[PDB]
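Chemist: quick check, what structure comes out for this input:
(8 chains, ligands or ions: 6)
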Amino acid sequence: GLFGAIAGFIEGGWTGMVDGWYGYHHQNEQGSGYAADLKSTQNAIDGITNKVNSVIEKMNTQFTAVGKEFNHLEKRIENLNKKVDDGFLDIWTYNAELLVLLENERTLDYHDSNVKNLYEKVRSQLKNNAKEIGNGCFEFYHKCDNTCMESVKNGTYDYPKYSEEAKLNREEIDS
Amino acid sequence: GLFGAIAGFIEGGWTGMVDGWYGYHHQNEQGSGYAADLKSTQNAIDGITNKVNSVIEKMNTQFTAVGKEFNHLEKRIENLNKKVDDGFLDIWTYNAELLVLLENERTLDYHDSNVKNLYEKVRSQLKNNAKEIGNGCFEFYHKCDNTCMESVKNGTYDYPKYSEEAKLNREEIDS
Amino acid sequence: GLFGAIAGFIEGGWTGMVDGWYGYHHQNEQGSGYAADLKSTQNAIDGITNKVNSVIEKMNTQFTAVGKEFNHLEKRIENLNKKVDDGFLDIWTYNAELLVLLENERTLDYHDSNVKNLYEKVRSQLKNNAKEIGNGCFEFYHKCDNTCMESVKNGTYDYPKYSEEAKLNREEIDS
Amino acid sequence: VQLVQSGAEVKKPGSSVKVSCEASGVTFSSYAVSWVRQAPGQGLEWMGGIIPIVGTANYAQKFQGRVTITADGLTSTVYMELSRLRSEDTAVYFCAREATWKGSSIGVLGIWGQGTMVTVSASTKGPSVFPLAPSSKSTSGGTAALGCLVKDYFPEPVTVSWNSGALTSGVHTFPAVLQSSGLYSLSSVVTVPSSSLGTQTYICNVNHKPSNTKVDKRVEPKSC
Amino acid sequence: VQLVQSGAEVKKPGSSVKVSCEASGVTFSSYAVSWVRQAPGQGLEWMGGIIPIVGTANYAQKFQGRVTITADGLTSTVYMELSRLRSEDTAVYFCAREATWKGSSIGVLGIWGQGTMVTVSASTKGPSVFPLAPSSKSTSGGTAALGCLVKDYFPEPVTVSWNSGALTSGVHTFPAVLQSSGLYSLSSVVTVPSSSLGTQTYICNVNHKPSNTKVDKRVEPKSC
Amino acid sequence: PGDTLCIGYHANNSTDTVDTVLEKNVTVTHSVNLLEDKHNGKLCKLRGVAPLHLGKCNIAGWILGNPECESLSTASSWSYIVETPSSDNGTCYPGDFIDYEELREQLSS
Amino acid sequence: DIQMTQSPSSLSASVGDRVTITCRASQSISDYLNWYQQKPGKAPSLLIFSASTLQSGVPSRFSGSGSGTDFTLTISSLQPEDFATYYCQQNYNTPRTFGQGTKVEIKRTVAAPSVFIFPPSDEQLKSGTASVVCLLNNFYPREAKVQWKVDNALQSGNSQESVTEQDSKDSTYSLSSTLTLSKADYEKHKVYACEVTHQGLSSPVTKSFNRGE
Amino acid sequence: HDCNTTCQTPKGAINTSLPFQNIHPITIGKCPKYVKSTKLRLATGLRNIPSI
Ligand SMILES: *[C@@H]1O[C@H](CO)[C@@H](O[C@@H]2O[C@H](CO)[C@@H](O[C@@H]3O[C@H](CO)[C@@H](O)[C@H](O)[C@@H]3O)[C@H](O)[C@H]2NC(C)=O)[C@H](O)[C@H]1NC(C)=O
Ligand SMILES: *[C@@H]1O[C@H](CO)[C@@H](O[C@@H]2O[C@H](CO)[C@@H](O[C@@H]3O[C@H](CO)[C@@H](O)[C@H](O)[C@@H]3O)[C@H](O)[C@H]2NC(C)=O)[C@H](O)[C@H]1NC(C)=O
Ligand SMILES: *[C@@H]1O[C@H](CO)[C@@H](O[C@@H]2O[C@H](CO)[C@@H](O[C@@H]3O[C@H](CO)[C@@H](O)[C@H](O)[C@@H]3O)[C@H](O)[C@H]2NC(C)=O)[C@H](O)[C@H]1NC(C)=O
Ligand SMILES: *[C@@H]1O[C@H](CO)[C@@H](O[C@@H]2O[C@H](CO)[C@@H](O)[C@H](O)[C@H]2NC(C)=O)[C@H](O)[C@H]1NC(C)=O
Ligand SMILES: *[C@@H]1O[C@H](CO)[C@@H](O[C@@H]2O[C@H](CO)[C@@H](O)[C@H](O)[C@H]2NC(C)=O)[C@H](O)[C@H]1NC(C)=O
Ligand SMILES: *[C@@H]1O[C@H](CO)[C@@H](O[C@@H]2O[C@H](CO)[C@@H](O)[C@H](O)[C@H]2NC(C)=O)[C@H](O)[C@H]1NC(C)=O
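Modeler: Numbering: from 1, shown residues only, chains lettered A, B, ... in the order given. Ligands and ions are numbered 1, 2, ... in the order given. Let me share the structure:
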């Protein structure tokens, strides 16, 4: 969408990832599996709850005014009452429909941004030590055990630690 | 703008590109010319039509209420009628102006996002086989015929197919 | 946030940068210091002024209508007057609160976008001649004097001019 | 939503025709609308379309400079105007909103109108209905076939009924043909039991509105 | 905002209990709400929570299949229902909105309810209050200690007062214990001056509401 | 080949659809409805107190004491007044009720 | 699952001195930790979230620190209002888990326990059981050792203890130990003794009584 | 009938669990806003794209 990740360069979702909104799938010698990214999921849940709260909290239930009754010599004020009732109804009906449409578009873009930001954080870390193979996936030029995988999911990944390894494998296929 | 492509790193538009909103200009041995990108243009046209529909479809024409007449002993209800008419007018006038301003900003950003996403798709494909020369243009390190050009405009471009070629020309100027 | 730069890959702000909203900090043989980016700051100030104007300019002060008085045989029109007053108040109160919340979110995203766009402009220029060391900072592989620094802050930086230098230092640590 | 088109029209060659296409309960819409014509017995043919958000109209090359597809501002009504009609322009014309359940869909015609028959003709020639006598050579398996021959008529349509609509079983109305002379001719035939040639008399009620020719021809079983 | 919970309840084992938790001046809210119980004298224990924006409820494994945390649409009231109660379920139950001054905060309980005491019991055994005579061996430093012994009662609580609430200085009510036989017992002791054993008479007012046992035992200074 | 780390998002068995400004009938993993569209089809008692049903009488007949409104004599408390559209009894003796509408609004409180 | 272990389980401190309570998690949880305070009979209240951020409405003397596995709630100066069990909780995953709790208590001068022994009542001996009560009254610190000796023989697995909270004015503890046996076993022995060991006692102090008296 | 509710409308009784209702403009009691809309659904999750 607006950020090109969801239904973009990451074509589809992960039905097998049930414990979070965004995150990772890994595969190495120890094992594989989907794992939710806590930080992005936790913040996004707070944001959407705030967004829903900011729409409904001020929509407190109220006491509807009495339906007025008018006689045959009160058509003018009867029509004025009808104009008042119709005027308010049109505004709330039009605004509520339009507001939800606009909000829903931002909600999807918000999820799109969070995926893209999550992808960029990993890409900014690995650099030459991994190959971007599309669909939001990275192929390492070095062995990355379970401990190494969490460092990427942490913002801690040590590029020089695996640089000497990854450099040799990279230039091996480069030659 | 919000995504940095239109009036950003792609400074200006293409007057000679008349058949679409976004797309490409190519140049090789076979020939040159502008060509519209169907997928991005087609989706964007649907989105803007939906956006315009979501604003005007619920703005159905209505029957305006009768302009009331009051006598000299009806000033209070005359003023109430005036308050009702002025109250509705201010809300619709203020909202319609503000809504269009906000919508127009998103429309331009939407076009900006689509250009940036289109540029990223090409950049994600070519990788080392082409040189980013700014203004949204790519210079290939290999010969790219008409058939090759459409593969880039398709999401199919074969990096290994031209990798051996492009690698030699790249390191030739690199040395 | 929505663009991942502010409170994202650029963790914090610069209290020592008092003359602008966005910009750079440099360090070389001649000296160091923070310097504001005029173009981005100047445009953003215009945008926010336009945004604030587009909200308040149409909110001109008006003459409030007379508070009506009704007798004991005028409860129906008294309630209608109360319905009119309460109806307008709820709409303006709900809309103004909601509009400011939505506008404030876009204002922060707007600042986030401008930082990200500013960072991309520098990154698009330097290419292999500098190393991306995170937190929005670049480490050059060549000496960049005061004159060189302004070229980066201008869109003029000459990659081939320092390429031969930067190439040797890059491959020196690469080997 | 329902698209409702203007009624059928008759026009002489060289004139101009305008067809309307309105939507229901919309007032204002920006959906793109395409027009498609269908010549009798042929397939669909795309004439053009209008995209209100860009304010332009695209047309097929074979109609360029001759057809205009217009819309009144942002109203849902879309008008198709064809100029310099010919006999080959006689067809059923459809309007279609380019929307689906996914919203606007610029290239697919989700909802169609009822069609608008436009017939171009400058001559109304009355038909001649000629009997097809049920001879014994036309009797086989206990049943005898008989019919009528409609000849020398331009333009369509002609409606043939049997026994003033009473006989509907076995009535076969063959579609019209275009002869080398430029007119139309069809044959309506029915199959009847052999033991009815004397008791029940068979007629063919043939109508041709453009020429105002109503004829009723009796078949002659009798003998040779 | 203030969370207000339903009142204390008594239930027999094997039944089901439902607790409400409402917010003030909200009507509609989407804040996530967690429930935490506290057994007498123990720490906090997280039972579960509901996240309205995703429409699901997460629970601790030890309560899964036995507790349901529900909310009526988008209203702020959140209900916690526990089934098949046991004596180990007797605790104080808290509801907490997961919000701070920063807005919704999914993992931290910013605002808490007042608590809801739930006691599970199917037997009300009346206590026996036995005197603790202030002997001379229980006299030291010019003061003599004396008290009463509460024995054979289930369930809590029992309230002990001295001199019908007149004596409050030196009154020490030791917390109840759980004996091997499965009942409760505590001792209430007071320290009094030695030159008051004859003038002022000391009683212990002991209450046990579940068994409806009200007893007043006098201490016996007298002699040996 | 080499070890792989991917980035992706959630999917489930949700058929919930929402409309946006650029697209319609978008399927989303989670959503919240805001619109109530269901009623029980019965006139209930608001806040415990039962409504005052006037039967075959309008407010005039009830407040005046038309003999067809006989059952309406134990009136002590009500949440709201129910009038049927076909209530035709009211003022059996022909005449005009003065400020009838203001009386109805007065009785609404 | 993540387990949170607080330390110490209880501590004593004066008014105004710095108080340092720690909290450790099984695995790394970044700064997804909160702190709470719970006065007796009162619902707990939030003090710190995100392991540093301070909830609105609580004073600045409370401070949070730590990132990773070990965390520290630091009270720069101790005040009488800040007397309650303090709990730490993680919000890194589900289920959320608390610590066992850390109680903070007023520090006072050492006080010797006043030991009172009580023979079982005559109304008690008419039912078939026997309870002998040893009272430790107004002593500090809480740590104490009570041993029951019958005919100069140590008693095991027949007594229970009950401690009273630190009294609000004298700031001392009260302990009661009850020796429960049957009447049949009560009449086969003569000497009943309660041995009390405390910091304020140079030697264990024993109060004894005979069955007939 | 013998039913309780907190919002009453001429054609029935409605729940007040949601901020909007489209059943009838006339209500008595603490009631949600009446609108003419047939659907008002706020998205909270992502676009749902299972195995394709
Ligand atoms: C669509 O997917 C949802 C999940 O989001 C399905 O609801 C799930 O239904 C299963 C049983 O069909 C529940 O499994 C149960 O889990 C508990 C522990 O949580 C366990 O003790 C039980 O033995 C059982 O395995 C699951 O909890 C439940 N999840 C939720 C969030 O409600 C739903 O059935 C699916 N709809 C379909 C397939 O039509
Ligand atoms: C209470 O309301 C009932 C109807 O709900 C009243 O019954 C109506 O009584 C009037 C008076 O007689 C009837 O009007 C007469 O009807 C006959 C036959 O149609 C006609 O010949 C006369 O010219 C006159 O119109 C009326 O038909 C009858 N039924 C209705 C209206 O359905 C009843 O009288 C009321 N009781 C009161 C006001 O005390
Ligand atoms: C609609 O709600 C009302 C209000 O709660 C119900 O009336 C209540 O019905 C319950 C159960 O039948 C009873 O409650 C009792 O109230 C007395 C005092 O009135 C109190 O001392 C008791 O402890 C108990 O709470 C009683 O009949 C009545 N109570 C009140 C306060 O109104 C009514 O039954 C409900 N109707 C339906 C159809 O749900
Ligand atoms: C979104 O989808 C719904 C359901 O698929 C569409 O509503 C249907 O519309 C068709 C005609 O277009 C009717 O035949 C169905 O009965 C409708 N079903 C329901 C449940 O309403 C709706 O039109 C779609 N939205 C848009 C903008 O096209
Ligand atoms: C934003 O911060 C303000 C001030 O910190 C919060 O208002 C305070 O709310 C608490 C209770 O939550 C009161 O005890 C304070 O007296 C309030 N102070 C002021 C100045 O209003 C406000 O609640 C916060 N916003 C949200 C959404 O939580
Ligand atoms: C008002 O809400 C109640 C529940 O709060 C609705 O009653 C429930 O409806 C469900 C629908 O799945 C049925 O299983 C039962 O009839 C009820 N269950 C429970 C647990 O109460 C009631 O239908 C609603 N009334 C409306 C919307 O008019």
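
Chemist: ok, now which ones touch residue A:155?
Modeler: Residue A:155 makes contact with A:121, A:125, according to C-beta atoms under 8 Å, 6 or more residues apart in numbering or on different chains. Yep, even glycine has a C-beta here, placed from its N, CA and C like the rest.

Chemist: distance of whichever residue of chain A sits closest to ligand 6 from ligand 5?
Modeler: Residue of chain A nearest ligand 6, by C-beta to the nearest ligand atom: residue A:61 (14.8 Å). Counting by C-beta to the nearest ligand atom, to the nearest Å, the gap from residue A:61 to ligand 5 is 21 Å.

Chemist: over to residue A:73?
Modeler: From residue A:73 to ligand 5 the distance is 52 Å (C-beta to the nearest ligand atom).

Chemist: burial count for that residue?
Modeler: 8 (other C-beta atoms under 10 Å in any protein chain shown).

Chemist: residues contacting it?
Modeler: By C-beta under 8 Å, 6+ apart, the contact list for residue A:73 is empty.

Chemist: residue F:88 is in what secondary structure piece?
Modeler: Assigned by DSSP states H and E, residue F:88 falls within no helix or strand.

Chemist: OK, contacts around it?
Modeler: Contacts of residue F:88 (C-beta under 8 Å, 6+ apart): F:56, F:58.

Chemist: check chain H for the residue nearest ligand 4 and tell me.
Modeler: For chain H, C-beta to the nearest ligand atom, closest residue to ligand 4: residue H:38, 8.0 Å.

Chemist: near ligand 6, which residues of chain H? Just list them.
Modeler: H:14-15 (C-beta under 6 Å from any ligand atom).

Chemist: could you redo the last one with a cut-off of 5 Å?
Modeler: Within chain H, the residues that sit near ligand 6 (C-beta under 5 Å from any ligand atom) are residue H:15.

Chemist: which stretches of chain A form strands?
Modeler: A:22-27, A:32-36, A:62-63, A:130-132, A:137-140 (DSSP state E).

Chemist: could you dump these to JSON lines with distance to chain H and mean neighbour count?
Modeler: Converted to JSON lines, those look like this (distance: least, C-beta to the nearest C-beta, whole Å; neighbours: other C-beta atoms under 10 Å in any protein chain shown):
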{"stretch": "strand A:22-27", "distance to chain H": "8", "mean neighbour count": "22"}
{"stretch": "strand A:32-36", "distance to chain H": "13", "mean neighbour count": "14"}
{"stretch": "strand A:62-63", "distance to chain H": "6", "mean neighbour count": "13"}
{"stretch": "strand A:130-132", "distance to chain H": "21", "mean neighbour count": "20"}
{"stretch": "strand A:137-140", "distance to chain H": "16", "mean neighbour count": "20"}
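
Chemist: out of those, which comes closest to chain G?
Modeler: Proximity to chain G (C-beta to the nearest C-beta) singles out strand A:32-36 among the strands of chain A, at 9.3 Å.

Chemist: next, the angle strand A:22-27 makes with the closest one.
Modeler: On the basis of axes from the mean of the first three to the mean of the last three C-alpha atoms, to 10 degrees, strand A:32-36 is oriented at 170 degrees to strand A:22-27.

Chemist: can you tell me the strand partners of strand A:32-36 and which way each runs?
Modeler: strand A:22-27 (antiparallel) (DSSP bridges).

Chemist: what's near enough to touch residue 105?
Modeler: With no chain named, the answer covers chain A. With C-beta under 8 Å, 6+ apart, residue A:105 has these contacts: F:20-22.

Chemist: the chain in question should be chain F.
Modeler: Going by C-beta under 8 Å, 6+ apart, residue F:105 touches A:66, A:68-69, C:75-76, C:79.

Chemist: ok, stretch H:13-33 near chain A or not?
Modeler: Yes: if you take C-beta under 8 Å from any C-beta of the partner chain as the test, stretch H:13-33 does meet chain A, through H:16, H:19-20, H:25-33.

Chemist: tally of neighbours for the residue of chain H closest to ligand 4?
Modeler: Neighbours around residue H:38, by other C-beta under 10 Å: 9.

Chemist: in this structure it contacts residue H:20, no?
Modeler: No: the pair residue H:38 / residue H:20 is not scored as a contact, 11.1 Å apart, by C-beta atoms under 8 Å.

Chemist: which neighbours do those two share?
Modeler: Both residue H:38 and residue H:20 are contacted by residue F:35, under the criterion C-beta under 8 Å, 6+ apart.

Chemist: skipping adjacent residues, who's closest to residue F:31 in space?
Modeler: residue F:16 (4.5 Å; C-beta to C-beta, 6 or more residues apart in numbering or on different chains).

Chemist: that neighbour reaches residue F:28, doesn't it?
Modeler: Yes: contact status for residue F:16 versus residue F:28: in contact at 5.5 Å, counting by C-beta under 8 Å.

Chemist: overlap in contacts, those two.
Modeler: Counting by C-beta under 8 Å, 6+ apart, the residues touching both residue F:16 and residue F:28 are residue H:48.

Chemist: the two: which has the busier surroundings?
Modeler: More crowded of residue F:16 and residue F:28, by other C-beta under 10 Å: residue F:28, with 24 against 19.
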